[PDB]
Amino acid sequence: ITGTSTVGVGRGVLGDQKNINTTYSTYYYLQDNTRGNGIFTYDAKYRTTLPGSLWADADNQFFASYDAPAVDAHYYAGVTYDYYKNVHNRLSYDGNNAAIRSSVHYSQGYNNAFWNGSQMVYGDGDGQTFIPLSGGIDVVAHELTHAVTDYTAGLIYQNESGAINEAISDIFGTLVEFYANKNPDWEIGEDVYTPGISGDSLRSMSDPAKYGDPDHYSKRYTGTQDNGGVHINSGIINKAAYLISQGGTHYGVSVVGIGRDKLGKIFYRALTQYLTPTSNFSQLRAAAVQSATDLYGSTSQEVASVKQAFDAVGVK
Ligand SMILES: [Ca+2]
Ligand SMILES: [Ca+2]
Ligand SMILES: [Ca+2]
Ligand SMILES: [Ca+2]
Ligand SMILES: [Zn+2]
């Protein structure tokens, strides 16, 4: 809507206070005009009809429990936009400042968050397995990254290409978590997963096997569930990414880490310049090696580490 840009204050899912960009026109709306064509957050009101109604508030103060998921979805979408703009010089997910839209309070006791091809959607969780999903910055970044992938490589959401699609979202979800410096780690969804259990997460990039996911190509899932194991086989690529950044010896293969910044630069280039809709793991390796070569030279330590990481997880 048309109005005056202002700043409100509220509390997120984890109870932390933060300032959020809003728009004033009779009511204060969760519409951030400071980033691209805007960031809009909607209330789905426990229904499944999307996007719902643009979030309206009477006093620009968002401290009600019902407001929490909206505050975080709005705020973290902004942080993710900042990451892509400042680190990769990319304006929004389409590269042309497309408006970012998110809906919270989707359905009832819904334990998922997703990108539906046009916007992000967040459930409130059942309170046991998950609390409002927008409370996890890696979750929000994971979802917005699916939008970036759709507009670039376009990796089909099935089998190996789908696993790469998933890994890319976990990788950048984690890099954004580090960018915001919000208790960063290499775990996925730890902030909103099982509030009654501390120290766990949905997936682990440092050690995928901790939750039963494969950490080597020889252990890849070949079944039909989960669209050919897109959330399972992503562990193989997540482990490779972790090794490239942090280093380590996996299955007897030693990798010299090159850091998170270079990991991001290599994978962003691979994603935007070399990957295609049907790329498989072997092609991802080729794309990553070529990207590192473009950026650091064929005889660089960076290229060497990329090769070692993929060798470690069995991807030739
Ligand atoms: Ca209020
Ligand atoms: Ca964390
Ligand atoms: Ca995390
Ligand atoms: Ca937990
Ligand atoms: Zn995903």
Side-chain angles (χ1 to χ4, degrees), residues 3 6-32 41-43 45 53-76 79-80 83 104-105 113 122 125 129-146 166-195 197-208 210-211 213 231 234-235 237-239 241-242 245-246 260 263-264:
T6 186
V7 182
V9 62
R11 284 198 188 91
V13 177
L14 300 185
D16 60 316
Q17 182 174 302
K18 62 238 295 176
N19 296 306
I20 48 178
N21 293 300
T22 58
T23 297
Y24 177 64
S25 186
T26 297
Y27 277 100
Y28 291 87
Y29 296 84
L30 287 184
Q31 176 181 310
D32 178 359
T41 301
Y42 303 72
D43 183 4
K45 311 171 183 179
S53 311
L54 188 60
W55 199 288
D57 187 82
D59 61 11
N60 209 27
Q61 292 195 293
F62 307 74
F63 295 107
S65 63
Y66 191 75
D67 305 333
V71 169
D72 282 340
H74 197 64
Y75 185 90
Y76 292 139
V79 176
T80 305
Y83 171 76
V104 297
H105 292 310
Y122 299 96
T129 308
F130 280 105
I131 55 175
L133 287 73
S134 60
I137 188 173
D138 51 6
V139 175
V140 175
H142 174 108
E143 297 311 332
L144 194 50
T145 296
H146 273 310
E166 268 303 299
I168 293 298
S169 278
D170 281 347
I171 292 172
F172 284 104
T174 289
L175 291 183
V176 171
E177 187 172 305
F178 269 99
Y179 174 74
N181 216 312
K182 168 201 169 193
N183 292 305
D185 49 57
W186 293 83
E187 298 293 296
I188 301 296
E190 71 285 342
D191 293 329
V192 293
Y193 189 61
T194 57
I197 307 175
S198 63
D200 66 338
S201 62
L202 188 63
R203 289 189 289 283
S204 176
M205 295 181 74
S206 60
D207 182 19
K210 181 165 60 182
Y211 299 115
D213 295 322
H231 296 92
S234 54
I237 303 305
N238 284 345
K239 181 70 184 189
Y242 170 76
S245 178
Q246 307 304 96
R260 291 182 285 85
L263 169 68

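We number each residue from 1, following the sequence as shown. Numbering of ligands and ligand atoms starts at 1, following listing order.
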Contact flag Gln61/the Ca ion (ligand 1), N/O/S atoms, threshold under 3.0 Å: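 Checking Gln61: at least one N, O or S atom is under 3.0 Å.
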Metal check, the Ca ion (ligand 2) vs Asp185 N/O/S, cut-off below 3.0 Å: yes
Name, closest N/O/S atom of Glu187 to the Ca ion (ligand 3): O
For the Ca ion (ligand 3): the N/O/S atom of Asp138 at shortest distance: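 Distance check against the Ca ion (ligand 3) picks out OD2 in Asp138.
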Pair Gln31-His74, side-chain donor/acceptor within less than 3.5 Å: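 Side chains of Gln31 and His74: no pair found under 3.5 Å.
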Among the N, O or S atoms of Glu190, the one nearest the Ca ion (ligand 2):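 This turns out to be OE2.
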Side-chain ([X]) to main-chain ([Y]) donor-acceptor, under 3.5 angstrom:
{"X": "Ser234", "Y": "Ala167", "value": "no"}
{"X": "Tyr211", "Y": "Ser201", "value": "yes"}
{"X": "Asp213", "Y": "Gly235", "value": "no"}
{"X": "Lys239", "Y": "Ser206", "value": "yes"}

Presence of N, O or S from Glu177 under 3.0 Å of the Ca ion (ligand 3):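 Yes - counting backbone and side chain alike, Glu177 has an N, O or S atom under 3.0 Å.
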Centroid-centroid distance, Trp55 to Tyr66, less than 6.0 Å: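 They qualify: ring centres under 6.0 Å apart.
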Three-point angle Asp57:OD1, the Ca ion (ligand 1), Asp59:OD1, rounded to the nearest 10°: 120°
